[PDB]
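S.K.: Structure supplied as final_35.cif; contents: mmCIF, C-alpha atoms and all ligand atoms.
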data_protein
#
loop_
_atom_site.label_atom_id
_atom_site.label_comp_id
_atom_site.auth_asym_id
_atom_site.auth_seq_id
_atom_site.Cartn_x
_atom_site.Cartn_y
_atom_site.Cartn_z
CA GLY A 16 2.32 111.52 -94.96
CA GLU A 17 -1.12 110.08 -95.76
CA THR A 18 -3.44 110.81 -92.82
CA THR A 19 -6.73 110.13 -94.71
CA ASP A 20 -9.34 108.16 -92.68
CA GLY A 21 -9.68 104.49 -93.66
CA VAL A 22 -8.27 100.99 -93.23
CA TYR A 23 -4.50 100.41 -93.89
CA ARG A 24 -2.10 97.48 -94.29
CA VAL A 25 0.98 97.29 -91.99
CA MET A 26 3.94 95.99 -94.03
CA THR A 27 7.68 95.23 -93.59
CA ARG A 28 10.73 94.78 -95.87
CA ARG A 29 12.95 93.19 -93.08
CA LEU A 30 12.06 89.69 -94.40
CA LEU A 31 11.87 88.20 -97.96
CA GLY A 32 10.00 90.59 -100.32
CA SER A 33 7.24 92.73 -98.78
CA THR A 34 5.43 91.00 -95.87
CA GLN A 35 2.09 92.17 -94.37
CA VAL A 36 2.36 91.86 -90.56
CA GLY A 37 -1.05 93.41 -89.79
CA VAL A 38 -3.75 96.04 -90.42
CA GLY A 39 -4.83 99.33 -88.78
CA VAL A 40 -7.46 102.09 -88.71
CA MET A 41 -6.75 105.75 -89.45
CA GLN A 42 -9.35 107.93 -87.71
CA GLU A 43 -9.02 111.57 -86.59
CA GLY A 44 -5.26 111.61 -87.46
CA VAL A 45 -4.65 108.59 -85.19
CA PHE A 46 -3.50 105.17 -86.39
CA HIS A 47 -4.96 102.38 -84.29
CA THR A 48 -3.56 98.83 -84.40
CA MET A 49 -2.87 95.71 -82.27
CA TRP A 50 0.27 95.82 -80.11
CA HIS A 51 1.48 92.42 -81.35
CA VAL A 52 1.60 93.81 -84.94
CA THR A 53 4.18 96.59 -84.39
CA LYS A 54 5.53 95.81 -80.86
CA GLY A 55 5.49 99.59 -80.16
CA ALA A 56 7.90 100.35 -83.04
CA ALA A 57 7.59 103.50 -85.20
CA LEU A 58 5.82 103.27 -88.58
CA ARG A 59 6.45 105.03 -91.91
CA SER A 60 3.80 106.67 -94.14
CA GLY A 61 5.51 107.65 -97.38
CA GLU A 62 8.07 110.23 -96.28
CA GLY A 63 6.25 110.91 -92.94
CA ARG A 64 6.81 109.16 -89.60
CA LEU A 65 4.22 107.83 -87.11
CA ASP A 66 5.48 107.79 -83.51
CA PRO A 67 3.53 105.81 -80.87
CA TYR A 68 1.40 107.76 -78.38
CA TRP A 69 -0.25 105.14 -76.15
CA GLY A 70 -0.03 101.33 -75.84
CA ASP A 71 -0.80 98.38 -73.51
CA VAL A 72 0.35 94.74 -73.85
CA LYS A 73 -2.60 93.28 -71.87
CA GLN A 74 -5.29 95.13 -73.92
CA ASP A 75 -3.04 94.39 -76.99
CA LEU A 76 -3.69 97.84 -78.46
CA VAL A 77 -1.47 100.73 -79.64
CA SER A 78 -2.17 104.24 -81.05
CA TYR A 79 0.02 106.52 -83.20
CA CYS A 80 0.13 110.36 -83.40
CA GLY A 81 -2.51 110.70 -80.68
CA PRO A 82 -4.78 109.08 -78.11
CA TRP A 83 -7.22 106.21 -78.93
CA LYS A 84 -10.23 107.67 -80.83
CA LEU A 85 -12.43 104.58 -81.37
CA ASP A 86 -15.26 104.34 -78.79
CA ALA A 87 -18.18 102.41 -80.39
CA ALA A 88 -19.32 99.13 -78.80
CA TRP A 89 -21.16 95.96 -79.92
CA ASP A 90 -24.75 96.06 -78.63
CA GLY A 91 -24.74 92.33 -77.72
CA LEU A 92 -27.55 91.55 -80.19
CA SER A 93 -26.69 92.71 -83.72
CA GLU A 94 -24.61 91.12 -86.47
CA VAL A 95 -21.31 92.89 -87.15
CA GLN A 96 -19.04 93.08 -90.23
CA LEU A 97 -15.35 92.23 -90.06
CA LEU A 98 -13.57 94.41 -92.66
CA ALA A 99 -11.06 91.64 -93.32
CA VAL A 100 -7.95 92.94 -95.10
CA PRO A 101 -6.01 89.68 -95.73
CA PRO A 102 -2.36 89.44 -96.86
CA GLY A 103 -2.13 89.88 -100.66
CA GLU A 104 -5.93 89.81 -100.96
CA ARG A 105 -8.40 92.71 -101.36
CA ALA A 106 -10.33 94.26 -98.38
CA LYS A 107 -13.61 92.38 -97.85
CA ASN A 108 -16.58 92.86 -95.46
CA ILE A 109 -17.65 89.57 -93.83
CA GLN A 110 -20.97 89.66 -91.92
CA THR A 111 -21.33 87.47 -88.78
CA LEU A 112 -23.10 87.25 -85.39
CA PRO A 113 -20.54 87.38 -82.58
CA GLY A 114 -20.23 84.92 -79.74
CA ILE A 115 -19.13 85.72 -76.19
CA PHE A 116 -15.85 85.41 -74.26
CA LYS A 117 -16.92 84.98 -70.60
CA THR A 118 -14.10 86.16 -68.26
CA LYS A 119 -13.64 86.82 -64.48
CA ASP A 120 -13.90 90.58 -65.34
CA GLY A 121 -16.99 90.45 -67.60
CA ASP A 122 -18.13 89.35 -71.06
CA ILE A 123 -16.50 90.43 -74.35
CA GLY A 124 -17.76 90.05 -77.93
CA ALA A 125 -16.06 87.47 -80.16
CA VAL A 126 -16.01 87.04 -83.94
CA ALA A 127 -15.66 83.39 -84.96
CA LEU A 128 -13.90 83.88 -88.31
CA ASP A 129 -10.52 82.28 -89.18
CA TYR A 130 -7.91 84.47 -90.90
CA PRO A 131 -4.08 84.53 -91.14
CA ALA A 132 -2.09 86.30 -88.39
CA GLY A 133 -1.33 89.05 -90.97
CA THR A 134 -5.05 90.06 -90.88
CA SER A 135 -4.55 91.35 -87.21
CA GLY A 136 -5.87 94.89 -86.63
CA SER A 137 -8.77 94.60 -89.11
CA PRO A 138 -11.76 96.65 -87.90
CA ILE A 139 -15.08 95.14 -86.81
CA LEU A 140 -18.04 97.33 -87.77
CA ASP A 141 -21.62 98.05 -86.74
CA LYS A 142 -24.55 98.78 -89.16
CA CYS A 143 -23.57 102.52 -88.83
CA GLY A 144 -20.03 101.90 -90.14
CA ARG A 145 -18.48 102.64 -86.70
CA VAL A 146 -15.46 100.71 -85.48
CA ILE A 147 -16.55 98.63 -82.50
CA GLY A 148 -13.17 96.86 -82.08
CA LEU A 149 -10.21 95.10 -83.75
CA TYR A 150 -9.69 91.47 -84.84
CA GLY A 151 -6.47 89.63 -83.91
CA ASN A 152 -6.55 88.66 -80.23
CA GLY A 153 -8.39 85.51 -79.29
CA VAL A 154 -8.11 81.80 -78.75
CA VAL A 155 -7.62 78.48 -80.62
CA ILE A 156 -10.68 76.22 -80.28
CA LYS A 157 -10.76 72.34 -80.35
CA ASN A 158 -10.93 72.29 -84.20
CA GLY A 159 -7.71 74.33 -84.60
CA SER A 160 -9.83 77.35 -85.70
CA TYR A 161 -9.40 80.92 -84.35
CA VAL A 162 -12.11 82.87 -82.53
CA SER A 163 -10.92 86.42 -81.95
CA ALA A 164 -12.31 88.89 -79.40
CA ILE A 165 -13.83 92.29 -80.37
CA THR A 166 -10.96 94.37 -78.86
CA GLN A 167 -11.88 98.00 -78.22
CA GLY A 168 -9.76 100.57 -76.38
CA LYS A 169 -10.76 103.48 -74.16
CA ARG A 170 -11.38 107.08 -75.36
CA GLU A 171 -10.41 109.68 -72.70
CA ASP B 50 11.35 99.48 -90.65
CA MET B 51 7.55 99.03 -90.96
CA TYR B 52 5.24 101.12 -93.20
CA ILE B 53 1.53 101.65 -93.91
CA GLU B 54 -0.50 101.58 -97.21
CA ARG B 55 -4.15 102.52 -97.76
CA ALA B 56 -6.49 99.54 -98.19
CA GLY B 57 -9.94 101.21 -98.42
CA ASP B 58 -12.86 103.03 -96.77
CA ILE B 59 -14.57 101.95 -93.56
CA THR B 60 -18.22 101.41 -94.58
CA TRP B 61 -20.78 98.66 -93.98
CA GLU B 62 -21.57 96.58 -97.11
CA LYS B 63 -25.24 95.61 -97.59
CA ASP B 64 -25.62 92.04 -98.97
CA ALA B 65 -22.15 90.90 -97.85
CA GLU B 66 -21.15 87.21 -97.27
CA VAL B 67 -22.87 86.13 -93.95
CA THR B 68 -20.82 83.34 -92.30
CA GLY B 69 -19.45 82.15 -88.94
CA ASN B 70 -20.90 80.86 -85.69
CA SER B 71 -21.61 82.61 -82.28
CA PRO B 72 -19.95 80.45 -79.57
CA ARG B 73 -19.83 81.12 -75.81
CA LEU B 74 -16.25 80.40 -74.74
CA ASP B 75 -14.89 80.51 -71.16
CA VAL B 76 -11.54 82.31 -71.41
CA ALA B 77 -8.74 83.72 -69.18
CA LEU B 78 -6.52 86.70 -70.03
CA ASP B 79 -2.93 86.82 -68.78
CA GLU B 80 -0.62 89.83 -68.14
CA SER B 81 0.91 89.26 -71.64
CA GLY B 82 -2.48 89.90 -73.34
CA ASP B 83 -2.83 86.20 -74.30
CA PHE B 84 -6.17 84.36 -74.09
CA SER B 85 -6.52 80.74 -72.96
CA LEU B 86 -9.37 78.21 -72.90
CA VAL B 87 -10.65 77.59 -69.38
CA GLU B 88 -12.49 74.28 -68.76
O1 LIG C 201 -1.43 84.88 -83.21
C1 LIG C 201 -2.37 85.66 -83.32
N1 LIG C 201 -2.60 86.68 -82.45
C2 LIG C 201 -1.77 87.18 -81.41
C3 LIG C 201 -0.39 87.01 -81.49
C4 LIG C 201 0.43 87.49 -80.49
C5 LIG C 201 -0.14 88.08 -79.37
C6 LIG C 201 -1.51 88.24 -79.28
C7 LIG C 201 -2.35 87.78 -80.29
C8 LIG C 201 -1.84 88.96 -78.00
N2 LIG C 201 -0.61 88.74 -77.22
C9 LIG C 201 0.51 88.69 -78.16
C10 LIG C 201 -3.36 85.49 -84.43
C11 LIG C 201 -4.03 86.60 -84.92
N3 LIG C 201 -4.91 86.52 -85.93
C12 LIG C 201 -5.24 85.34 -86.44
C13 LIG C 201 -4.66 84.17 -85.99
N4 LIG C 201 -4.80 82.86 -86.33
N5 LIG C 201 -4.00 82.07 -85.56
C14 LIG C 201 -3.34 82.87 -84.74
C15 LIG C 201 -3.70 84.22 -84.96
#
Rewrite the structure from the file as structure tokens, please.
M.R.:
Amino acid sequence: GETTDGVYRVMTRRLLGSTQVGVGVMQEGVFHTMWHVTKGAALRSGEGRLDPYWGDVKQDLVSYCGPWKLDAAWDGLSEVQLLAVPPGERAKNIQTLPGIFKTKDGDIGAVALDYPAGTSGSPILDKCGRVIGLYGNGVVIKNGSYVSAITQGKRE
Amino acid sequence: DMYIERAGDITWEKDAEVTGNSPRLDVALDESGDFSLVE
């Protein structure tokens, strides 16, 4: 149905009323979201249907209609903007400087902003407007707060 | 069955609310894509 580029809410009617389970990015006719939002299930866009193309539970990413298109990366120095699309609330750009997740396989960017689980799949942007990753997969720090990683996929 | 709805354009907003810290956390990632705090 609607394949226009932009940020989208991922909703469901399987519970009470209409519940937002996550967010996603439409870019180049491909819907990008976090795997834990949809679980690989098909999505609906008006009368049209989005069938999954690629997905990985460890990366926690999933693409619809085609391969992963997002390929920008945080430069390790600049402030980014989380386009937070919260449940029931309007889309809102929050500027922050990301921290670092140090792992046995290298360092990853991390936005220290707390949002409901329904915000998962909200894009993280650079000063150019490019999508450098998605919010929704991170850790719970000592003060109960959430610090999500900047999760980017791979463009073939 | 899940469905999508447009929420807006993907542009940077000049003069947006600047908040949040930049912490260096030591994490581990398991086969289920779940992060954990290493100490
Ligand atoms: O629970 C969250 N995230 C999530 C869930 C399930 C899975 C994964 C990440 C990756 N493996 C499967 C969450 C996302 N956003 C904001 C939050 N605040 N507190 C928890 C959250």
S.K.: Quick one: which chain B residues come within 8 Å of ligand LIG 201 (chain C), and what is the nearest atom pair for each with the distance in Å to one decimal, counting all atoms listed in the file, rows ordered by chain and ascending number, as a Markdown table?
M.R.:
| residue | atom | partner | partner_atom | distance |
| --- | --- | --- | --- | --- |
| B:81 | CA | C:LIG201 | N2 | 5.8 |
| B:82 | CA | C:LIG201 | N2 | 4.5 |
| B:83 | CA | C:LIG201 | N2 | 4.5 |
| B:84 | CA | C:LIG201 | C8 | 7.4 |
S.K.: Per residue of segment 94-162 of chain A within 6 Å of segment 51-72 of chain B, record the nearest atom pair and its distance in Å to one decimal, counting all atoms listed in the file, with rows in chain order and ascending residue number, as a Markdown table.
M.R.:
| residue | atom | partner | partner_atom | distance |
| --- | --- | --- | --- | --- |
| A:109 | CA | B:66 | CA | 5.4 |
| A:110 | CA | B:67 | CA | 4.5 |
| A:111 | CA | B:68 | CA | 5.5 |
| A:112 | CA | B:71 | CA | 5.8 |
| A:113 | CA | B:71 | CA | 4.9 |
| A:114 | CA | B:71 | CA | 3.7 |
| A:127 | CA | B:69 | CA | 5.6 |
| A:128 | CA | B:69 | CA | 5.8 |
| A:144 | CA | B:60 | CA | 4.8 |
S.K.: Save the residues we just selected, C-alpha atoms, as a compact mmCIF listing (two decimals), in the coordinates of the input?
M.R.:
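Okay, this is what ended up in part-v4.txt:
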# COMPACT_ATOMS: atom_id res chain seq x y z
CA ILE A 109 -17.65 89.57 -93.83
CA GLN A 110 -20.97 89.66 -91.92
CA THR A 111 -21.33 87.47 -88.78
CA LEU A 112 -23.10 87.25 -85.39
CA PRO A 113 -20.54 87.38 -82.58
CA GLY A 114 -20.23 84.92 -79.74
CA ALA A 127 -15.66 83.39 -84.96
CA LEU A 128 -13.90 83.88 -88.31
CA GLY A 144 -20.03 101.90 -90.14
S.K.: If I take atom CA of residue 132 of chain A and atom CA of residue 105 of chain A, how far is one from the other in Å, to one decimal?
M.R.: 15.8 Å
S.K.: Within 7 Å of segment 65-77 of chain A, counting all atoms listed in the file, which residues show up once you throw out same-chain ones fewer than 3 positions away? Write them as a short mmCIF file (atom, residue, chain, number, x, y, z; two decimals) with C-alpha atoms, in the frame of the given file, please.
M.R.:
data_model
loop_
_atom_site.label_atom_id
_atom_site.label_comp_id
_atom_site.auth_asym_id
_atom_site.auth_seq_id
_atom_site.Cartn_x
_atom_site.Cartn_y
_atom_site.Cartn_z
CA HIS A 47 -4.96 102.38 -84.29
CA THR A 48 -3.56 98.83 -84.40
CA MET A 49 -2.87 95.71 -82.27
CA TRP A 50 0.27 95.82 -80.11
CA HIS A 51 1.48 92.42 -81.35
CA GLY A 55 5.49 99.59 -80.16
CA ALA A 57 7.59 103.50 -85.20
CA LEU A 58 5.82 103.27 -88.58
CA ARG A 59 6.45 105.03 -91.91
CA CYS A 80 0.13 110.36 -83.40
CA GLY A 81 -2.51 110.70 -80.68
CA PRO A 82 -4.78 109.08 -78.11
CA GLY A 168 -9.76 100.57 -76.38
CA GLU B 80 -0.62 89.83 -68.14
CA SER B 81 0.91 89.26 -71.64
CA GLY B 82 -2.48 89.90 -73.34
#
S.K.: Rounded to one decimal, what separation in Å do you get between atom CA of residue 155 of chain A and atom CA of residue 136 of chain A?
M.R.: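 Computing it gives 17.6 Å between the two atoms.
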S.K.: May I ask for the distance between atom CA of residue 79 of chain A and atom CA of residue 163 of chain A, given in Å to one decimal place?
M.R.: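 Computing it gives 22.9 Å between the two atoms.
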S.K.: Give me the residues near residue 85 of chain B as number ranges by chain, where near means some atom within 9 Å (using all atoms listed in the file) and where sequence neighbours in that chain fewer than 4 positions away do not count.
M.R.: A: 153-155; B: 75-79
S.K.: Using the selection just defined, write its residues with C-alpha atoms as a compact mmCIF listing (two decimals), in the coordinates of the input.
M.R.:
# COMPACT_ATOMS: atom_id res chain seq x y z
CA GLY A 153 -8.39 85.51 -79.29
CA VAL A 154 -8.11 81.80 -78.75
CA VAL A 155 -7.62 78.48 -80.62
CA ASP B 75 -14.89 80.51 -71.16
CA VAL B 76 -11.54 82.31 -71.41
CA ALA B 77 -8.74 83.72 -69.18
CA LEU B 78 -6.52 86.70 -70.03
CA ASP B 79 -2.93 86.82 -68.78
S.K.: Taking (-3.6, 109.7, -87.9) in the file's own coordinates, collect the residues within 7 Å, counting only C-alpha atoms, and hand them back as a PyMOL selection string.
M.R.: chain A and resi 18+41-46+79-80
S.K.: Box along x, y and z, 8 Å on every side, all listed atoms of segment 67-77 of chain B inside: centre and edge lengths in Å to one decimal, as lines of an AutoDock Vina configuration file.
M.R.:
center_x = -15.8
center_y = 83.3
center_z = -81.6
size_x = 30.1
size_y = 21.7
size_z = 40.8
S.K.: Give me the residues within 12 Å of residue 73 of chain B as a list in words, counting only C-alpha atoms and dropping any in the same chain fewer than 3 places off.
M.R.: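 Final neighbour list, sorted by chain and number: residues 112, 113, 114, 115, 116, 117, 118, 122, 123, 124, 125, 126, 127, 156, 162 and 164 of chain A; 70, 76, 86 and 87 of chain B.
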S.K.: Give the answer as one residue: which of A:93, A:134, A:152, A:78 has the shortest atom-to-atom distance to chain B, using only C-alpha atoms?
M.R.: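 Under the stated criterion, the closest residue is A:152.
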S.K.: Show me the residues close to (-18.8, 98.9, -76.1) - anything with an atom within 10 Å, counting only C-alpha atoms - and format the list as a list in words.
M.R.: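 It turns out the residues near that spot are residues 86, 87, 88, 89, 90, 91, 123, 124, 147, 148, 165, 166, 167, 168 and 169 of chain A.
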S.K.: Residues within 7 Å of residue 141 of chain A, please, as a compact mmCIF listing (two decimals) with C-alpha atoms, in the coordinates of the input. Count all atoms listed in the file; anything in the same chain fewer than 5 positions from it doesn't count.
M.R.:
# COMPACT_ATOMS: atom_id res chain seq x y z
CA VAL A 95 -21.31 92.89 -87.15
CA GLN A 96 -19.04 93.08 -90.23
CA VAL A 146 -15.46 100.71 -85.48
CA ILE A 147 -16.55 98.63 -82.50
S.K.: Can you write segment 57-76 of chain B from the block above with N, CA and C atoms, as a JSON list (two decimals), in the first residue's frame?
M.R.:
[["chain", "number", "residue", "atom", "x", "y", "z"],
["B", 57, "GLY", "N", 5.80, 10.24, 10.09],
["B", 57, "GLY", "CA", 6.53, 11.46, 9.73],
["B", 57, "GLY", "C", 7.74, 11.28, 8.84],
["B", 58, "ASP", "N", 8.42, 12.40, 8.53],
["B", 58, "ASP", "CA", 9.62, 12.41, 7.70],
["B", 58, "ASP", "C", 10.86, 12.14, 8.54],
["B", 59, "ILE", "N", 11.94, 11.69, 7.89],
["B", 59, "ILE", "CA", 13.19, 11.46, 8.59],
["B", 59, "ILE", "C", 14.17, 12.57, 8.25],
["B", 60, "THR", "N", 14.13, 13.64, 9.07],
["B", 60, "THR", "CA", 14.98, 14.82, 8.96],
["B", 60, "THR", "C", 15.56, 15.20, 10.32],
["B", 61, "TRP", "N", 16.73, 15.83, 10.32],
["B", 61, "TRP", "CA", 17.34, 16.31, 11.54],
["B", 61, "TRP", "C", 16.66, 17.64, 11.93],
["B", 62, "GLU", "N", 16.36, 17.83, 13.21],
["B", 62, "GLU", "CA", 15.74, 19.07, 13.68],
["B", 62, "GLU", "C", 16.77, 19.96, 14.37],
["B", 63, "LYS", "N", 17.06, 21.15, 13.81],
["B", 63, "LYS", "CA", 17.98, 22.08, 14.46],
["B", 63, "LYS", "C", 17.27, 22.64, 15.70],
["B", 64, "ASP", "N", 18.01, 22.82, 16.80],
["B", 64, "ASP", "CA", 17.45, 23.36, 18.05],
["B", 64, "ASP", "C", 16.45, 22.41, 18.70],
["B", 65, "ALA", "N", 16.77, 21.12, 18.69],
["B", 65, "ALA", "CA", 15.95, 20.10, 19.33],
["B", 65, "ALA", "C", 16.42, 19.93, 20.80],
["B", 66, "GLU", "N", 15.61, 19.28, 21.64],
["B", 66, "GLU", "CA", 15.91, 19.04, 23.05],
["B", 66, "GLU", "C", 17.16, 18.15, 23.24],
["B", 67, "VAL", "N", 18.30, 18.74, 23.69],
["B", 67, "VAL", "CA", 19.56, 18.02, 23.93],
["B", 67, "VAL", "C", 19.59, 17.44, 25.34],
["B", 68, "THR", "N", 19.52, 16.11, 25.47],
["B", 68, "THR", "CA", 19.52, 15.45, 26.78],
["B", 68, "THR", "C", 20.17, 14.06, 26.72],
["B", 69, "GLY", "N", 20.51, 13.50, 27.88],
["B", 69, "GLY", "CA", 21.09, 12.16, 27.93],
["B", 69, "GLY", "C", 22.59, 12.15, 28.11],
["B", 70, "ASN", "N", 23.09, 11.13, 28.80],
["B", 70, "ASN", "CA", 24.52, 11.01, 29.04],
["B", 70, "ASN", "C", 25.23, 10.09, 27.99],
["B", 71, "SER", "N", 26.57, 9.97, 28.06],
["B", 71, "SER", "CA", 27.37, 9.14, 27.14],
["B", 71, "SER", "C", 28.20, 8.13, 27.95],
["B", 72, "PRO", "N", 27.58, 7.05, 28.45],
["B", 72, "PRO", "CA", 28.33, 6.11, 29.29],
["B", 72, "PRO", "C", 29.08, 5.01, 28.55],
["B", 73, "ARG", "N", 30.19, 4.53, 29.11],
["B", 73, "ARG", "CA", 30.94, 3.43, 28.51],
["B", 73, "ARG", "C", 30.62, 2.16, 29.29],
["B", 74, "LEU", "N", 29.75, 1.32, 28.73],
["B", 74, "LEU", "CA", 29.30, 0.10, 29.39],
["B", 74, "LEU", "C", 29.97, -1.15, 28.81],
["B", 75, "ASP", "N", 30.36, -2.09, 29.68],
["B", 75, "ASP", "CA", 30.95, -3.35, 29.24],
["B", 75, "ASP", "C", 29.84, -4.37, 29.10],
["B", 76, "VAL", "N", 29.49, -4.73, 27.86],
["B", 76, "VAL", "CA", 28.37, -5.64, 27.63],
["B", 76, "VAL", "C", 28.77, -6.94, 26.92]]
